Visitor: 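Sending over a structure as structure tokens; questions will come in a sec.
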Amino acid sequence: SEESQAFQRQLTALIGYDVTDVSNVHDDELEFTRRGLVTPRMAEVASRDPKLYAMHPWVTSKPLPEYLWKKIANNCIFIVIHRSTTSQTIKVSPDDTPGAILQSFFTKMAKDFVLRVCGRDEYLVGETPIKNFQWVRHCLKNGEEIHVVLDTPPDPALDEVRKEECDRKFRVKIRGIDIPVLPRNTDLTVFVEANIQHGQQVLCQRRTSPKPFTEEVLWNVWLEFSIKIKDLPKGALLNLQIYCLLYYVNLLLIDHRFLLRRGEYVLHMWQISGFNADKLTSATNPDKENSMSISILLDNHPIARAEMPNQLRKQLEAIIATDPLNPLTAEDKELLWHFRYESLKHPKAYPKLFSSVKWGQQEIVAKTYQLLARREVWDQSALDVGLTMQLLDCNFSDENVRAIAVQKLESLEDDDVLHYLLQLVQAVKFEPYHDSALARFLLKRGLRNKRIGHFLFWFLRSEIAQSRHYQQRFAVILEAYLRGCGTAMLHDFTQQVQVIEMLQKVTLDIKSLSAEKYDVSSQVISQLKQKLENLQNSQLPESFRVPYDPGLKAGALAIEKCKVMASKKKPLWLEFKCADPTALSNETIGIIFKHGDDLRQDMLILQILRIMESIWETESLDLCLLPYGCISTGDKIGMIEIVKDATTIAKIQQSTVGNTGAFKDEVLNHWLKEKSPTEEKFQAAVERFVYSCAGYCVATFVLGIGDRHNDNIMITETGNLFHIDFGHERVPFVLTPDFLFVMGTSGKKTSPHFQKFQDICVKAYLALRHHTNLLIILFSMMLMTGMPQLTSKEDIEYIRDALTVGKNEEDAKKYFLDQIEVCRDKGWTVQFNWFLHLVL
Ligand SMILES: COc1ccccc1-n1c(CSc2ncnc3[nH]cnc23)nc2cccc(Cl)c2c1=O
């Protein structure tokens with residue numbers, strides 16, 4: 001139909017890639033998948049409650065932590081309801097529902113509707129004990145009053161959805177390589193390596209002979225693999241590689257229809273930058289012009305008791321106990337396999353067990369499947385996310401293994417889904433096939449809830465715009481989403497996209513106009529001011545959802561407040577008015593637009609920071625981290641939330657002390673005193689400081705991103721410290737002397753506030769260690785799916801030592817309390833060292 005052709009144009013500009021394009025394809029997986037995703041979408045689109053969907057109450061079922069009970073010191077909670085500009089305060093108990101507040105409010109006003117948060121597309125509707133709304137817990141945490149406007153349900157009709165309706169050795173032939181142009185070196189050596197791979201396990205490996213490197217190289221050979229054909233497991237990849245390692249490509253041996261892949265192939269290959277999730281994609285390089293290729297033939301047909309000695313069970317359990325990064329011995333593996341049934345009784349053994357499987361042997365895979373049908377124990381154990389993540393990583397390519405993980409996720413409530421979304425999305429990179437339990441889990445959840453839907457979009461779009469290796473897959477999932485999210489939401493994404501394409505334009509042009517000489521010359525403030533007033537009228541939408549806080553609808557530029565940093569990269573600092581007239585305040589929405597850093601990295605780190613916070617909640621800690629909004633929009637470009645009322649420790653050192661790397665120790669306290677209206681808010685600032693410092697000291701050590709310059713650390717006027725710019729002699733973390741004179745210490749001393757700081761770290765630290773497995777897998781996934789290129793040992797195995805795996809609680813505290821001492825030891829050594837190696 002005519003309409004649907006133009007609607008596809010829509011989808012394409014929203015997505016930033018064209019999924020009807022079939023230029024870069026050698027089979028029909030993507031298309032089969034676009035058609036596969038229809039059912040599960042229409043399903044959830046058929047399933048959701050239109051009313052609750054439209055208002056998307058952000059809700060939890062977690063208990064309220066202790067640090068916020070000490071804030072309702074009376075089983076009573078105040079709510080300021082507004083009408084036009086008339087208002088009154090209501091007496092409410094934590095457990096009261098949104099329903100049981102209306103019936104009370106109209107028994108509180110004598111001579112149906114819906115409550116909504118002031119200045120936000122946010123609502124308190126539905127049957128949950130209002131102590132269980134996030135916006136409420138946010139007010140408490142930050143000492144705030146809960147303001148609401150009385151309006152109706154947003155018409156549940158506004159999310160109207162548009163309607164739709166055997167026993168031979170495997171053999172492979174290397175014809176040869178081609179590269180149209182390759183003057184890449186004085187010539188060395190070149191051979192081809194064909195690996196049969198399952199879950200990063202090399203099942204089998206044959207090579208070619210070493211020739212010199214010409215723009216055209218031939219062999220015409222059958223490589224005989226040891227594996228029989230009947231023995232290939234679904235999702236095995238034939239993995240093809242060129243060493244002189246220079247190029248790679250991958251072909252799924254078995255297709256999405258369980259068919260043995262037969263025939264002729266010309267595969268355009270990816271280059272290593274002159275281990276890593278890109279190394280894994282089944283996608284061929286779409287740049288058919290410059291790219292190396294390879295030509296192959298496939299002529300080869302679908303797919304076909306309790307007794308235990310003590311010393312073994314002890315060895316078994318010792319193996320099962322150990323961390324996710326401890327290597328399994330061959331003996332270890334045979335132990336797990338032969339006692340697979342005793343192993344099945346322990347959820348925690350699943351990763352190790354399934355990685356003890358000889359996947360290149362058919363009758364064993366078959367035994368593994370028969371095993372997976374005794375899933376009573378797995379099905380009935382509580383949901384361990386770190387367990388579940390492990391089964392979704394690069395080590396498992398089996399469909400059924402992976403499905404039992406996706407099973408466990410189903411019981412996740414939106415609140416938690418949102419905590420893991422980013423990493424669940426990156427985890428699609430490890431799926432063998434475009435259609436998977438996990439890709440479909442993401443749809444479902446995303447379509448069931450607007451908050452997850454929104455983040456689903458930007459997370460998927462972030463990679464679509466930026467990586468060739470996975471743009472196609474993600475673009476099919478993204479497509480599938482947009483076709484379900486409903487008319488309203490499409491409208492928002494549409495104007496969200498237009499605003500950021502516009503503002504990036506401006507970001508790039510401004511960056512071009514200034515030299516290495518960083519000044520912000522009157523001439524550049526000229527350019528910026530003018531560009532924005534031009535944009536303000538006939539181009540820039542009236543208002544837009546702030547991508548990283550979908551509650552906030554942003555309005556007009558505050559042109560006078562927009563500026564540019566005095567820096568080699570030249571980021572915009574942009575500020576916006578709030579489209580919502582019911583907004584309680586008049587404070588601007590701040591967004592930094594920046595080109596230069598890989599913000600994908602920032603996204604990953606930031607989101608672990610939240611996970612960490614949530615981990616701390618489980619033990620009633622609060623460490624006042626400030627994980628500001630950050631989104632990758634495309635290649636080394638993106639946006640960042642402006643944190644209001646903060647500067648850099650560096651600037652606080654430029655102010656009173658000067659600028660040639662000079663350093664003095666009292667200034668932090670001076671600055672803090674001077675930004676506190678009463679010496680009491682000041683107290684609250686020192687207290688903010690001790691807690692926020694401590695948090696970042698711990699988080700930062702665990703992730704090994706703690707050796708930072710002061711210019712990359714910030715504080716709010718209310719004492720909230722926070723690390724920034726996760727761009728990319730040593731020291732564990734940053735506990736400088738200037739920080740210390742706020743603790744009350746002078747190199748040696750130990751004041752009630754310092755004792756406190758040491759207290760809180762140890763508390764925070766060995767609390768992360770209670771979640772060790774989770775953090776290890778997250779970190780390891782982070783590394784593989786979001787960094788430069790990282791070693792299958794040295795890099796990942798940093799976090800083992802940091803979380804001091806294997807150690808008793810006792811050593812652990814001792815270990816951390818000494819890291820502190822290395823800071824106490826060196827003070828300003830490395831800080832100053834930045835400007836030392838300005839010229840060396
Ligand atoms: C208050 O902003 C600063 C104070 C001292 C040193 C640097 C900054 N700063 C910074 C500090 S980094 C930062 N990082 C994350 N969230 C933030 N909110 C406010 N600043 C940040 N970023 C800028 C980005 C674009 C344009 C400008 Cl003009 C700035 C900028 O001035």
Side-chain angles (χ1 to χ4, degrees), residues 1-25 30-31 33-35 37-38 41 45 158-164 283 286-287 425 434 442-443 446-447 450 453-509 534-548 550 553-554 591 593 595 599-600 631-639:
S1 61
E2 224 301 80
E3 295 287 3
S4 49
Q5 294 146 23
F7 174 60
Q8 182 71 56
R9 294 163 47 194
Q10 210 157 121
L11 297 185
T12 306
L14 267 171
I15 294 166
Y17 177 98
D18 180 324
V19 313
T20 62
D21 191 290
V22 194
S23 57
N24 184 33
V25 125
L30 308 162
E31 254 292 314
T33 310
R34 297 183 64 241
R35 179 183 266 71
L37 295 174
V38 170
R41 165 175 74 263
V45 169
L158 294 159
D159 9 273
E160 167 180 313
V161 189
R162 187 184 171 160
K163 39 275 161 70
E164 312 163 297
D287 178 340
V425 175
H434 309 305
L442 293 167
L443 262 183
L447 285 174
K450 295 201 179 197
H454 170 102
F455 282 101
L456 189 47
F457 181 92
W458 292 103
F459 287 171
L460 291 177
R461 202 185 205 272
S462 185
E463 297 290 10
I464 293 177
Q466 194 147 189
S467 76
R468 306 254 100 169
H469 296 73
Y470 290 109
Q471 92 213 119
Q472 305 167 283
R473 179 173 263 183
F474 281 166
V476 172
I477 297 159
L478 208 217
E479 180 215 28
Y481 177 69
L482 299 161
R483 276 175 180 274
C485 59
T487 59
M489 293 221 275
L490 296 152
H491 150 114
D492 314 295
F493 293 127
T494 302
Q495 53 168 198
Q496 290 166 59
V497 163
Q498 265 163 50
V499 171
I500 105 273
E501 281 164 333
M502 286 182 205
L503 290 168
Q504 294 192 325
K505 272 170 134 51
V506 183
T507 309
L508 300 151
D509 302 334
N534 163 220
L535 260 133
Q536 168 80 301
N537 262 31
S538 307
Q539 303 91 256
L540 186 70
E542 289 276 0
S543 70
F544 64 104
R545 255 154 221 285
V546 174
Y548 59 70
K553 274 303 219 91
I591 315 194
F593 267 93
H595 164 80
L599 266 36
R600 274 180 292 180
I631 305 282
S632 215
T633 29
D635 182 27
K636 292 221 285 170
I637 198 150
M639 74 199 76

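Count residues from 1 along the sequence.
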Visitor: Is a side-chain donor or acceptor of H469 paired with a backbone partner of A283 at a separation under 3.5 angstrom?
Guide: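 Between the backbone of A283 and the side chain of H469 there is no qualifying donor-acceptor contact (under 3.5 Å).
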Visitor: When rounded to the nearest 0.5 angstrom, what distance separates CG in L460 from CD1 in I15?
Guide: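 Between atom CG of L460 and atom CD1 of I15 there are 10.0 Å.
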Visitor: Between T507 and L503, which heavy-atom pair has the shortest distance, and what is it?
Guide: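 Nearest heavy atoms, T507 then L503: OG1-O, 2.6 Å.
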Visitor: For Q5, is the CD atom crowded, meaning more than 12 foreign heavy atoms sit under 6.0 Å from it?
Guide: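 It does: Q5 CD has more than 12 such atoms within range.
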Visitor: How far does OG of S4 sit from NZ of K163, to the nearest 0.5 angstrom?
Guide: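 Nearest 0.5 Å value for the OG-NZ distance: 10.5 Å.
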Visitor: With a cut-off of 6.0 Å (strictly less than), are more than 12 heavy atoms of other residues, nucleotides or ligands near CD of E501?
Guide: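 Check passes, neighbour count above 12.
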Visitor: Is there side-chain contact between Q472 and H434, with at least one heavy-atom pair below 4.5 Å?
Guide: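 The answer is no, as the side chains (C-beta and beyond) never meet within the 4.5 Å cut-off.
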Visitor: What is the minimum heavy-atom distance between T494 and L14, and which atoms define it?
Guide: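 In this case the closest contact between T494 and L14 is N-CD2, 3.5 Å.
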Visitor: Would you compute the distance between atom NE2 of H491 and atom OG1 of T487 and round it to the nearest 0.5 angstrom?
Guide: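 If we round to the nearest 0.5 Å, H491:NE2 and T487:OG1 are 9.5 Å apart.
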Visitor: Do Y481 and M489 have side-chain heavy atoms sitting under 4.5 Å apart?
Guide: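 Sidechains of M489 and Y481: in contact.
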Visitor: Measuring from atom CG of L599 to atom CD1 of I631, what distance do you get when rounded to the nearest 0.5 angstrom?
Guide: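 That separation rounds to 9.0 Å.
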Visitor: Between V497 and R461, is any pair of side-chain heavy atoms under 4.5 Å apart?
Guide: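 With C-beta onward as the side chain, the pair touches.
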Visitor: Is any NZ, NE, NH1 or NH2 atom of the basic residue among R41 and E164 found under 4.0 Å from an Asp or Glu carboxylate oxygen of the other?
Guide: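 Answer for the salt bridge query: yes.
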Visitor: Could you pull out the closest heavy-atom pair between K505 and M502, with the gap in Å?
Guide: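 Minimum heavy-atom separation between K505 and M502: CB-O, 3.0 Å.
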Visitor: Using the side chain to side chain contact (heavy atoms under 4.5 Å, CB included) criterion, which residues pair with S23? Sequence neighbours excluded.
Guide: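 Residues passing side chain to side chain contact (heavy atoms under 4.5 Å, CB included) with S23: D21.
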Visitor: To the nearest 0.5 Å, what is the distance between CZ on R483 and CZ on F7?
Guide: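 Rounded to the nearest 0.5 Å, the CZ-CZ separation comes to 5.5 Å.
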Visitor: When you look at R468 and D287, which way does the salt bridge (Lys or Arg N to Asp or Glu O under 4.0 Å) test go after all the steps?
Guide: CA-CA 9 Å; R468 306 254 100 169; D287 178 340; over 6 Å; no
Visitor: What's the shortest heavy-atom distance between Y548 and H454, and which atoms?
Guide: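 Residues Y548 and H454, closest heavy atoms: N-NE2, 4.5 Å.
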Visitor: Which is it for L37 and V476 under the side chain to side chain contact (heavy atoms under 4.5 Å, CB included) test, yes or no, and what are the steps along the way?
Guide: CA-CA 9 Å; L37 295 174; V476 172; 3.9 Å; yes
Visitor: Compare all side-chain heavy atoms of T633 with those of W458 and state whether any distance is below 4.5 angstrom.
Guide: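 With C-beta onward as the side chain, the pair touches.
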Visitor: Within a reach of under 6.0 Å around CD of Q539, are more than 12 heavy atoms found that belong to other residues, nucleotides or ligands?
Guide: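 Atom CD in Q539 is crowded, with more than 12 foreign heavy atoms closer than 6.0 Å.
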Visitor: What's the separation between atom CG in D18 and atom CD in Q8, rounded to the nearest 0.5 Å?
Guide: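 Output value for this atom pair is 7.0 Å.
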Visitor: Could you walk me through whether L11 and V19 satisfy the side chain to side chain contact (heavy atoms under 4.5 Å, CB included) test, starting with their C-alpha distance in whole Å, then the side-chain angles of each, then the deciding distance to 0.1 Å, before giving a yes or no?
Guide: CA-CA 9 Å; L11 297 185; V19 313; over 6 Å; no
Visitor: What I'd like to find out is whether the side chain of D159 reaches to under 4.5 Å of the side chain of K450, using heavy atoms alone.
Guide: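 Yes. Closest side-chain heavy atoms under 4.5 Å.
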Visitor: Within the 4.5 Å heavy-atom criterion, are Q496 and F457 side-chain neighbours or not?
Guide: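 A side-chain contact is absent here, since even the closest heavy-atom pair is not under 4.5 Å.
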Visitor: Would you indicate whether the side-chain heavy atoms of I477 and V425 approach each other to under 4.5 Å?
Guide: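 The answer is no, as the side chains (C-beta and beyond) never meet within the 4.5 Å cut-off.
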Visitor: Examine distances only and state if a side-chain atom of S632 and a backbone atom of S462 form a donor-acceptor pair shorter than 3.5 Å.
Guide: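 No: the side chain of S632 does not pair with the backbone of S462.
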Visitor: Between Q504 and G638, what is the shortest heavy-atom contact and its length?
Guide: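 Nearest heavy atoms, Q504 then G638: NE2-N, 4.2 Å.
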Visitor: So do the side chains of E463 and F474 get within less than 4.5 Å of each other, counting heavy atoms only?
Guide: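 The answer is yes, as the side chains (C-beta and beyond) meet within the 4.5 Å cut-off.
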Visitor: Keeping the roles fixed (side chain from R545, backbone from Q495), state whether a donor-acceptor pair exists under 3.5 Å.
Guide: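 No; zero donor-acceptor contacts below 3.5 Å.
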